[PDB]
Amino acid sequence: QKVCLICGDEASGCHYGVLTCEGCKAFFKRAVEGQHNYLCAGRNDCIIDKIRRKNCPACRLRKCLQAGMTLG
């Protein structure tokens, strides 16, 4: 049973360099290529799991970057 390194949910394989779920795969794609302005409502250390990963795109993207995800 493989686990997403960002939200801890079931992973479907390695995406963009890192073992991730379908959600975090598609999110990282949109986040990097889009012109988004994410701002954490907390302290830039939010819990990112299956239920709360929608809550803070800022911390979700930060975890993607710190885990080493790259489009190429």
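We number the residues from 1 along the sequence you see.
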Mean C-alpha B-factor comparison - 8-16 and 59-67, higher one: 8-16
Residue 25 CA temperature factor, ranked by third within the chain: lowest
Residue 40, C-alpha B-factor rank within chain (lowest, middle or highest third): lowest
Modelled-residue ranking by C-alpha temperature factor, third containing residue 53: middle
